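# Report on the structure
Residue-level listing of the chains:
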Amino acid sequence: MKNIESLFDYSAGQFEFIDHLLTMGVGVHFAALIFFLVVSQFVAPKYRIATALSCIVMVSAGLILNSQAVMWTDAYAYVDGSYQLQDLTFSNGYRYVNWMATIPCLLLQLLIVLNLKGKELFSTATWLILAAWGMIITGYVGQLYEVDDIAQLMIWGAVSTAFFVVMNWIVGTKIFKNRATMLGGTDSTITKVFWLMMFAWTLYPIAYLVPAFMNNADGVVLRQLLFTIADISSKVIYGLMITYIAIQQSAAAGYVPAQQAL
Ligand SMILES: CCCCCCCC/C=C\CCCCCCCC(=O)OC[C@H](O)CO
Ligand SMILES: *C/C=C(C)/C=C/C=C(C)/C=C/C1=C(C)CCCC1(C)C
Ligand SMILES: CCCCCCCC/C=C\CCCCCCCC(=O)O
Ligand SMILES: CCCCCCCC/C=C\CCCCCCCC(=O)O
Ligand SMILES: [Br-]
Ligand SMILES: [Br-]
Ligand SMILES: [Br-]
Ligand SMILES: [Br-]
Ligand SMILES: [Br-]
Ligand SMILES: [Br-]
Ligand SMILES: [Br-]
């Protein structure tokens, strides 16, 4: 009731497009899961946790997308030419709770391939996860108001954006100060990962603001489209680049299965 999805009836085309976006997302993540599983054997032990974290992200995201898909079809029924709300079973909040889990995994695998270790790894990961959780929690509270109090959505979103900016400053600083440690030419690749991250993660706050500038059924569809683009880019494409960096550094470090795989 606190999300704009509950305010509208949906045409068959809108309803089925959203359903298909979610089910396609399930398939893409679970297909990627198998890929990350199989290639982990070609990653040196020092970096293998990075590929395992991608497996965890894939199944976490895939399970939540699958839950959303079923909740979507549970909540609406085709009545008198449109899909109409029948039950209070759909909200975007499950995405937020999930981010609490997937964002730390995405950040940790970056720090691993940057060759951080020991106290700097633990300390950097701690500040980053705290900043990320602050961002997610304040965003979560904000979107509880996307129907009733747009002013409060904006203020919680400004607080959330402050955490986001500080998080990105930490990430960028560690990347640019440590890329000279990277092997196999991946000092060039990691800079592209950072820019991919900036692009993909910024799509989420744009989706968060849809209720302010497109409060109608097509805005609901656009938000799910943006989430889909952002999810694939921030989790799947990002994970593929992290895995490439892990294998390339594994090979440059003399790990034979990595060398043969490449
Ligand atoms: C809610 C309103 C708040 C509005 C606030 C607007 C400020 C945005 C400016 C920068 C964002 C920081 C993004 C992080 C970019 C990377 C920075 C970095 O990596 O620094 C390089 C380092 O200094 C070299 O070694
Ligand atoms: C796979 C999911 C990812 C990488 C989620 C990332 C989410 C964000 C970067 C969220 C950012 C937000 C803001 C900066 C302000 C508005 C509220 C959020 C939480 C959507
Ligand atoms: C309040 C929340 C704080 C959460 C802090 C999280 C701490 C995570 C610390 C680092 C995890 C590293 C574990 C994997 C080791 C990889 C090193 C390697 O195998 O080469
Ligand atoms: C239970 C798991 C959550 C772990 C939280 C620990 C990390 C803390 C990070 C920043 C907290 C930001 C506080 C925002 C809460 C105010 C919203 C409200 O209470 O209405
Ligand atoms: Br239609
Ligand atoms: Br239509
Ligand atoms: Br190793
Ligand atoms: Br997720
Ligand atoms: Br179905
Ligand atoms: Br490259
Ligand atoms: Br939201």
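Residues numbered from 1 in each chain as written, not as in the entry; some residues may be left out. Chains lettered and ligands numbered in written order. Heavy atoms only, no water.

What the deposited record gives as its method is X-ray crystallography, and the resolution it gives is 1.8000 Å.

Applicable threshold: UniProt positions are given in the numbering used here, feature names are shortened, and annotations may be inferred rather than shown by experiment.
As recorded in the PDB entry, the protein goes by the name Chloride pumping rhodopsin, listed as coming from Nonlabens marinus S1-08. Its PDB title, taken directly from the record, is "Anomalous bromide substructure of NmHR under continuous illumination determined at 13.7 keV with serial crystallography". You can read under Subcellular location (unreviewed entry) in the UniProt record for the protein the words "Membrane". UniProt annotates the protein under Sequence similarities (unreviewed entry) with the comment "Belongs to the archaeal/bacterial/fungal opsin family."

## Regarding the environment of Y204
Selection criterion: Helix numbers and strand numbers start at the N terminus; a helix is a DSSP run of H or I with at least 4 residues, a strand a run of E with at least 2. Two residues form a contact once any of their heavy atoms are found within 4.5 Å.
Mapped onto the fold, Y204 is located in helix α6 (residues 186-208). Spatially, the C-alpha atoms of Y204 and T228 are 9.9 Å apart, while their sequence positions differ by 24 residues. With residues up to four places along the chain from it excluded, the contact list for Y204 reads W99, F227, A230, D231, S234 and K235.

## Details of the packing of aromatic side chains
What counts is decided by this rule: Between 30 and 60 degrees the pair is tilted, below 30 it is stacked and above 60 it is edge-to-face, where a pair is any two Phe, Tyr or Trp rings, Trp via its six-membered ring, whose centres lie within 6.5 Å.
All told, the structure shown has 16 aromatic pairs when counted by the stated rule. Through successive ring pairs, a cluster of aromatic residues spans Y10, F15, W72, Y76, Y78, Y83 and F90.

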